[PDB]
Engineer: 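Mind having a look at this structure? Questions to follow.
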Amino acid sequence: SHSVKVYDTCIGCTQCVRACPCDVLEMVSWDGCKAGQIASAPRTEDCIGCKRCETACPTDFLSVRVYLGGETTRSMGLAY
Amino acid sequence: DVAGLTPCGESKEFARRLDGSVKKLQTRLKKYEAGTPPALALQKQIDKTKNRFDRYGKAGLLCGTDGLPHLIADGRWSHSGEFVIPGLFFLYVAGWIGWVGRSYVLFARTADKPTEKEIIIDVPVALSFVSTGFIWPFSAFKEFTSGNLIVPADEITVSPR
Amino acid sequence: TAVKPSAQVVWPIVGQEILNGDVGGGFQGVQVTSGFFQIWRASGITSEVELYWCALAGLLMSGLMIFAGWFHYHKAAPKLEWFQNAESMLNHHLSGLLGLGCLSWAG
Amino acid sequence: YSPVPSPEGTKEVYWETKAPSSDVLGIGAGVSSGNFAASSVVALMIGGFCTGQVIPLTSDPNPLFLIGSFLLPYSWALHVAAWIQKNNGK
Amino acid sequence: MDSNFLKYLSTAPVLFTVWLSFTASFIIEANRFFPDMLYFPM
Amino acid sequence: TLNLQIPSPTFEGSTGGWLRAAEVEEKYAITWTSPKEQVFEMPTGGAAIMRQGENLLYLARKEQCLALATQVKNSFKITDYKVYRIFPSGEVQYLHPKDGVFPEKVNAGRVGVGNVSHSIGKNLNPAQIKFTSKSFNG
Amino acid sequence: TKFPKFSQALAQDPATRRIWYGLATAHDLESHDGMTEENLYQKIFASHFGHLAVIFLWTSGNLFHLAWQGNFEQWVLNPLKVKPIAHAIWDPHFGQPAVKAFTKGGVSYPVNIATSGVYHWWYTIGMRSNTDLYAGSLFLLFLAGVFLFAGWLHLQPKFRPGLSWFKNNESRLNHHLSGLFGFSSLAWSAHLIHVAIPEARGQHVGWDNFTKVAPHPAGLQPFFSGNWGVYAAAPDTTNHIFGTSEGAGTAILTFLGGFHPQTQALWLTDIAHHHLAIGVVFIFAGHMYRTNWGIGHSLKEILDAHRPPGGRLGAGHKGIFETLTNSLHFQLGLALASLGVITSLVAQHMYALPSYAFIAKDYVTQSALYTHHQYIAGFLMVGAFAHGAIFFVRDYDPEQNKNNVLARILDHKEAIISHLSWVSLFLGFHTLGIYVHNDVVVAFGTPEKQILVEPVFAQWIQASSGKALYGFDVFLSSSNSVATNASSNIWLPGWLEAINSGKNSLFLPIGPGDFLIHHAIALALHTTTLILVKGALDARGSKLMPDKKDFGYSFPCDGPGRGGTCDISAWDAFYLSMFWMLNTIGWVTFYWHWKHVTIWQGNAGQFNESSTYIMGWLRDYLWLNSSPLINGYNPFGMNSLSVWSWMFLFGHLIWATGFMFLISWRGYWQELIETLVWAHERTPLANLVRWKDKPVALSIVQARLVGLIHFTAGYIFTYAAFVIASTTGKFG
Amino acid sequence: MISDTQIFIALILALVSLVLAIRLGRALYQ
Ligand code: CLA
Ligand code: CLA
Ligand code: CLA
Ligand code: CLA
Ligand code: CLA
Ligand SMILES: CC1=CCCC(C)(C)[C@H]1/C=C/C(C)=C/C=C/C(C)=C/C=C/C=C(C)/C=C/C=C(C)/C=C/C1=C(C)CCCC1(C)C
Ligand SMILES: CCCCCCCCCCCCO[C@H]1O[C@H](CO)[C@@H](O[C@H]2O[C@H](CO)[C@@H](O)[C@H](O)[C@H]2O)[C@H](O)[C@H]1O
Ligand SMILES: CC1=C(C/C=C(\C)CCC[C@H](C)CCC[C@H](C)CCCC(C)C)C(=O)c2ccccc2C1=O
Ligand code: SF4
């Protein structure tokens with residue numbers, strides 16, 4: 001399974017969660033940003049590694065990061 | 001002479017090249033009537049070939065055993081017109097071109113929207129800049145010595161090491 | 001059977017006049033393979049005056065087409081209902097474009 | 001990672017002063033700068049003299065001048081050591 | 001001269017094409033009137 | 001819970017549907033309610049017509065179900081959809097929305113997983129963590 | 001699935017990617033699960049033992065296959081007319097005309113004609129019959145078995161060495177310099193003096209008589225007396241016939257210089273004194289570092305002490321000791337770079353100064369040896385830069401290298417890459433402009449308008465070595481120079497005779513084509529250096545991807561975001577630089593082969609007139625020499641070149657196949673495999689059979705590697721078939 | 001030339017090397 005990390009440069013714009021096709025990220029309460037929310041990755045076993053969240057992130061060099069690791073049936077996008 | 005080469009004005013194989021070119025053009029000339037425009041064009045080509053070989057033979061160019069002029073580029077003044085002096089001519093022009101381009105870049109940063117100046121050239125200002133390039137070495141050196149050409153390393157973006 | 005077709009002549013600049021080869025007929029030029037000579041022989045063109053008039057007709061038709069483009073975009077642009085007539089377009093293009101064109105060329 | 005081993009008696013000789021410490025001279029750490037300079041001059045003379053005897057090399061070279069010619073590169077390290085000792089208060 | 005037409009003429013592709021043709025015309029006329037310059041003549 | 005008796009949208013069938021791994025490894029289900037009978041595009045290729053009321057559909061991948069959910073959300077304004085995971089043993093695992101609230105909206109009780117307490121430029125070099133099980137994040 | 005036992009993540013992969021990635025990461029021991037440094041070093045030591053055993057088995061196989069199926073005993077008698085046999089052919093797919101056409105070399109069975117030059121090497125070092133070839137093969141089989149047993153033994157408990165033993169720099173340097181370099185060279189000089197030189201003079205020396213047959217009539221008494229020059233008296237006469245006593249001398253150590261006039265190779269006494277001197281010099285180098293007895297140098301003190309006081313190098317070389325000892329990849333890059341430099345040196349110096357008897361007349365063998373070792377050189381240099389990039393990814397500690405030389409490379413990496421780019425673009429713009437200029441002016445009937453620069457610097461160097469062709473009259477081409485009078489009594493006559501005779505490849509005459517092709521070679525070297533250095537220095541991060549070191553040395557991309565990040569890793573820079581390395585060795589081997597064929601044909605003016613423009617290379621070298629290669633088989637018959645005629649086409653096939661993995665990318669093939677999975681699952685009488693691993697498309701990095709492998713194999717096989725068949729058709 | 005017995009001796013030595021190579025491969029495989 002791929003590993004998804006969220007760093008404290010996140011501004012809570014919720015774009016990465018909306019860009020995720022596999023429902024891997026979600027927004028949780030936080031006090032580090034003005035939006036009052038930070039992204040989180042509780043469901044990285046469903047992460048395919050498409051990096052649409054990384055494309056969606058507006059903070060200069062990305063706050064959400066996907067590290068490709070061990071490939072599974074879900075992560076390989078296999079319908080077979 | 002230099003490197004065992006012979007001057008082109010006394011080389012027998014240079015003469016053989018000239019004779020072969022002249023006969024090759026003359027055998028084409030033989031198939032056309034005198035006064036026809038192809039005949040005049042071929043005779044003009046013959047005249048250019050003869051003038052080129054004559055000019056090359058009297059220029060102090062060195063010819064190898066192949067029959068072609070060989071250039072000397074070790075810095076000696078006896079062939080200083082073969083690489084050194086034309087190169088400086090390029091050095092005149094190219095140092096001109098970059099400098100005027102650099103000048104336009106320094107102009108373009110001062111405009112309201114620089115990118116529009118980048119795609120749509122200010123033609124009077126660009127013509128002023130291309131006029132300015134005739135004294136480019138002294139101007140560029142004074143730009144260098146006043147600290148306006150080289151910027152310090154702490155004002156340039158760099159990647160994490 | 002003995003004259004190579006040639007309809008391109010180069011200027012002598014840097015020795016490229018060598019490309020004006022001996023194509024026969026007392027002429028020097030670049031040999032052409034587009035087949036225009038055979039088309040003009042099939043059409044009955046026997047002189048270069050007729051080719052000059054053909055060039056003038058082509059230039060006039062180019063000007064007419066570019067004027068028609070400017071008029072039919074910038075002055076009088078047809079509506080979407082005009083473009084969405086497939087039946088009329090096929091009738092006119094089958095009978096008038098291909099049909100009358102074939103008839104006039106057969107003539 | 002793992003500790004990098006060195007032979008016994010390896011010290012830290014990294015220097016940022018005008019001259020290195022004398023420890024970089026190893027066994028010659030206690031030789032004065034004057035002795036180094038005199039040995040450099042003497043080595044230069046003997047090596048140049050021996051070399052100049054053996055420039056017309058034959059198939060039977062004299063072994064003594066062959067050994068003495070190796071003092072010619074030795075004098076360079078000797079004057080470097082002389083400079084090192086002179087700026088070390090020695 | 002319409003200023004919008006002049007500004008269109010001042011665009012990078014038009015000026016690029018005109019300047020490179022102008023430079024090519026210099027090289028072509030120089031080689032037409034002074035051909036076969038392999039060297040700087042002494 | 002997943003009601004297995006929910007009727008399915010009217011589909012003529014296609015070759016793009018689920019393979020043997022759906023009945024052997026895992027399968028996905030999506031349910032949603034429509035206000036009217038209307039034609040939608042299948043995520044596997046083809047057009048189907050969903051009925052008025054509840055619709056249940058089976059897929060091979062979660063991403064296909066969420067693509068259908070996004071399609072019906074932006075084309076039919078349907079947001080009540082639920083996505084479940086079904087195993088061959090019959091255990092049904094509810095997937096989306098996990099706590100009933102969509103993941104782009106903050107809900108109480110959610111805990112942050114994978115959050116790092118520094119910027120990405122403060123990650124360690126590999127040479128500190130070679131021959132060591134320390135993470136590169138610190 | 002437990003094939004990749006070293007990777008749990010790979011072993012849980014349900015697809016066919018598991019087998020491929022286990023195959024490609026099997027020897028990447030640093031990335032394995034739970035690898036410790038001591039286990040890493042011990043496995044590396046045993047693997048090095050295994051590779052040594054493989055090398056010994058290959059050499060023993062060459063020796064055995066020659067002693068069994070060769071014609072060495074026929075070839076020794078007539079070296080310049082008998083074609084050397086590499087090994088026998090037994091192929092049941094052959095028809096009878098192929099059996100007839102490969103029956104060469106004076107034997108009654110199909111054989112391959114040797115291009116490796118083992119005949120000349122083994123004949124020069126004193127082997128004459130098939131018996132000693134078999135005995136050498138047996139000895140190397142035994143030695144390989146000994147090294148296999150040592151590899152097993154040095155992994156057994158109470159023999160596994162510690163990390164302090166592996167990282168003992170001073171002891172390993174002293175022993176490998178004094179013994180592995182020095183005493184091996186001294187023993188090879190001993191073999192030349194004791195065995196090879198007497199066998200070159202027609203007197204048999206073997207193990208049965210080498211203790212009673214003195215190498216010199218005076219014995220070891222002149223050595224022990226200090227009258228060493230007695231060993232220089234009575235050298236081999238210029239009438240000496242190699243392998244016979246006719247015209248033989250009695251000297252064992254000379255420095256005569258030049259070539260033996262019959263073999264066209266270096267004097268064996270010169271080789272013996274050379275290897276003796278190399279042994280003495282290397283043993284003197286091998287007493288330098290302190291190991292157990294107080295005397296000797298310390299490596300850490302030497303590295304830390306050489307900091308220039310002007311501060312231009314920063315802290316100097318402080319911390320380089322620990323960085324080098326702790327990183328096997330930095331060591332591997334240094335070793336591969338040095339090895340590549342010296343195999344390039346071998347390739348140039350062995351054609352220019354051959355040491356093996358009668359090998360300068362074996363044109364196919366010289367071409368094959370040069371091409372082989374130059375391609376090895378390109379591979380080694382690319383590997384050096386690649387493993388240096390791996391050292392930056394995995395092993396570079398900035399905090400241990402504060403203000404170091406490595407850190408200052410990283411701090412002006414942008415200047416280095418920008419100036420490499422500038423010199424590469426400079427070289428390419430003007431070299432291609434001169435070549436295209438010459439093509440255009442020759443096509444227009446005016447070859448006198450070509451730009452032909454005489455390579456006067458290298459001609460001046462040749463004259464400094466004594467070449468009197470160019471009339472420079474300087475150094476060894478001056479009869480009054482101090483270098484000429486210095487060397488007149490020792491080596492100048494033989495060297496001047498060899499360098500001023502146009503019958504060898506010693507400092508071959510050069511013209512404007514040589515100038516252009518060396519500047520093209522400089523272009524290709526600088527551009528490959530640009531790619532490799534830019535890959536190594538941007539391996540840790542760039543502006544597009546500042547956290548690249550978190551992602552490792554090899555990964556496909558960083559996604560389509562930020563503009564797109566295709567081929568951003570340093571492995572991808574290796575992948576791009578492999579094509580440029582193939583291009584550079586291609587240009588070098590094209591130049592070497594075309595020049596040498598034109599000299600050997602007696603038609604060097606064809607090269608002198610045709611190499612200045614690209615059409616000359618395409619027509620007079622590629623098209624002209626392809627005729628015997630493409631006629632190896634035809635509708636009229638076949639001959640012995642046909643296999644190369646096959647292999648040539650084979651290369652043209654497999655090279656093209658590489659393109660498909662380098663042009664077409666993954667998602668198309670992955671969707672096709674989805675369609676194929678549906679087709680197999682839905683087909684009756686075939687869905688009874690099920691795969692155990694799910695079929696997937698090859699990964700991005702894997703596909704780049706596979707396309708590179710097919711491309712490289714096509715490059716190598718095409719050029720090898722072309723050079724061997726062309727040289728055989730023209731000269732053999 | 002080489003006889004049959006010499007080839008058999010070489011084959012026996014190669015088989016011994018095969019056994020040693022198998023042992024080294026098993027030792028490296030842990
Ligand atoms: C204003 C013009 C200008 C100037 C002064 C420079 C200056 C520089 N460039 Mg650069 N460059 C430019 C334009 C310019 N660049 C453009 C337009 C391109 C895209 C093709 C590049 C592509 C480029 C590369 C790929 C490289 C450089 C490099 C370099 C450096 C070495 C010089 C060199 O290799 O030149 C060679 C220049 C070129 C090959 C491209 C020049 C293109 C034209 C001729 C220049 C533009 C003129 C402009 C249209 C004039 C309009 C002004 C007018 C309105 C008044 C130097 C910092 C090299 C480097 O890093 O060295 C350290 C290097 O590798 N440049
Ligand atoms: C004098 C004692 C001695 C000797 C002879 C060796 C010898 C060797 N050690 Mg070594 N070693 C020693 C002491 C010694 N060691 C000590 C004391 C230590 C502990 C501190 C080590 C620790 C050690 C390690 C950790 C490793 C070795 C390895 C090796 C092998 C290197 C591979 C090889 O064969 O290259 C052969 C090299 C040469 C013959 C010399 C270099 C040749 C160059 C390229 C020039 C030759 C060019 C020439 C013209 C070619 C002519 C031939 C041509 C005609 C075909 C080699 C057998 C490595 C190995 O493979 O392990 C099995 C390894 O990993 N050693
Ligand atoms: C770049 C080459 C290089 C350099 C710079 C050095 C440098 C050094 N080596 Mg080293 N070495 C080298 C290569 C090199 N080595 C190689 C290639 C080998 C192996 C083959 C060795 C093997 C080696 C060993 C084994 C040892 C060294 C040691 C040393 C150090 C001793 C310094 C010294 O001799 O001062 C001594 C000072 C003097 C000689 C001054 C002269 C004394 C007086 C003034 C003489 C003059 C008297 C009088 C005026 C003359 C007339 C006399 C008359 C009346 C008879 C020194 C740092 C030693 C050390 O300490 O390790 C670091 C050591 O044990 N080296
Ligand atoms: C006559 C035929 C001919 C032609 C067509 C070209 C064509 C070209 N040359 Mg070139 N060249 C020629 C002859 C020719 N050269 C000769 C005879 C010489 C010897 C003096 C050179 C020396 C030369 C250099 C040194 C460079 C070129 C470069 C270039 C390319 C970019 C043009 C340029 O300068 O950008 C227009 C200029 C700019 C965009 C910025 C100005 C930068 C200039 C070059 C600096 C000049 C002043 C500077 C102080 C001198 C430093 C040189 C020093 C390193 C020795 C272009 C393809 C450049 C190149 O390939 O880039 C990698 C380059 O750096 N040429
Ligand atoms: C014949 C094929 C070819 C050519 C010409 C190039 C050319 C280039 N490659 Mg390259 N490359 C190729 C194949 C080729 N590549 C392949 C197959 C690979 C393997 C994937 C690579 C991998 C590769 C890498 C990895 C790198 C390069 C780099 C470079 C550049 C610097 C090298 C050089 O000589 O600069 C001189 C440039 C040239 C000779 C290019 C031709 C310039 C033309 C002739 C100028 C005239 C243009 C003309 C007027 C346009 C008019 C057209 C218009 C009318 C429509 C240069 C642009 C390097 C780079 O960018 O360095 C800065 C680099 O890092 N390439
Ligand atoms: C990128 C990567 C990152 C980190 C790791 C890494 C491995 C360090 C690196 C990879 C790096 C690369 C591969 C580094 C390896 C690089 C290259 C191959 C070094 C080439 C050196 C040539 C030497 C200076 C000499 C020529 C002889 C000179 C002294 C002679 C003069 C004279 C001699 C006496 C004799 C006569 C001739 C004359 C001329 C008269
Ligand atoms: C203070 C110390 C002074 C120098 C001492 C060491 C000098 C060199 C010693 C060499 C080894 C001992 O040498 C001793 O055995 C050698 C081998 O049997 C003898 O050598 C003799 O036999 C050799 C073997 O057949 C022959 O090749 C020699 O020509 C022959 O002279 C030496 O004549 C003898 O002196
Ligand atoms: C053709 C192609 C394929 C199709 C290749 C298929 C999947 C593999 C076919 C290979 C068969 C299965 C075996 C080939 C056997 C080899 C000759 C040797 C393999 C065994 C050795 C390694 C020991 C891709 O999967 C692909 C992926 C990404 C980018 C480009 C491409 C691509 O161009
Ligand atoms: S095209 Fe391939 S390599 Fe490029 S960004 Fe997309 S996935 Fe990565």
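Naming: A, B, ... by sequence-line order, numbering from 1 per chain.
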Engineer: By a 4.5 Å heavy-atom criterion (distance strictly below it), what part of G:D411 contacts chain B: side chain, backbone, both, or neither?
Structural biologist: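 For G:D411, heavy atoms of backbone and side chain both lie under 4.5 Å from chain B.
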Engineer: Under the side chain to side chain contact (heavy atoms under 4.5 Å, CB included) criterion, do B:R52 and G:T446 qualify, and how do the steps go?
Structural biologist: CA-CA 10 Å; B:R52 178 198 318 124; G:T446 69; 3.8 Å; yes
Engineer: Where do B:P160 and G:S542 come nearest, in terms of heavy atoms and distance?
Structural biologist: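 Residues B:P160 and G:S542, closest heavy atoms: CD-O, 4.3 Å.
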Engineer: How long is the span from the CD atom in G:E609 to the CG atom in B:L68, to the nearest 0.5 Å?
Structural biologist: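 Spacing of CD (G:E609) from CG (B:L68) equals 7.0 Å.
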Engineer: Nearest 0.5 angstrom please: B:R161 CZ to G:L537 CG, how far?
Structural biologist: 9.5 Å
Engineer: If you tally heavy-atom pairs under 4.5 Å against chain G, which of B:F83, B:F14, B:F53 wins?
Structural biologist: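 Most heavy-atom pairs under 4.5 Å with chain G: B:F53.
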Engineer: With a 4.0 Å cut-off on N to O distance, would you call B:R17 and G:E448 a salt bridge?
Structural biologist: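 No salt bridge links B:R17 with G:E448.
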Engineer: Which heavy atom in G:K543 sits nearest to a heavy atom in B:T157, and how many Å separate them?
Structural biologist: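 Of all heavy-atom pairs spanning G:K543 and B:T157, the closest is NZ-OG1, 3.0 Å.
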Engineer: Indicate the atoms forming the closest heavy-atom contact of G:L452 with B:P69, along with that distance.
Structural biologist: CB-O, 3.5 Å
Engineer: Name the region of G:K413, side chain, backbone, both or neither, that has any atom closer than 4.5 Å to a heavy atom of chain B.
Structural biologist: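 Contact with chain B: side chain only.
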Engineer: So, for B:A3 and G:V456, which heavy atoms are closest and what is the spacing to 0.1 Å?
Structural biologist: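 Residues B:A3 and G:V456, closest heavy atoms: CB-CG1, 4.4 Å.
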Engineer: So what's closer than 4.5 Å to chain B heavy atoms on G:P398: side chain, backbone, both or neither?
Structural biologist: neither
Engineer: Side-chain contact test, heavy atoms from C-beta onward, threshold under 4.5 Å: evaluate it for G:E414 versus B:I156 and give yes or no.
Structural biologist: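 Heavy-atom side-chain distance check fails, nothing below 4.5 Å.
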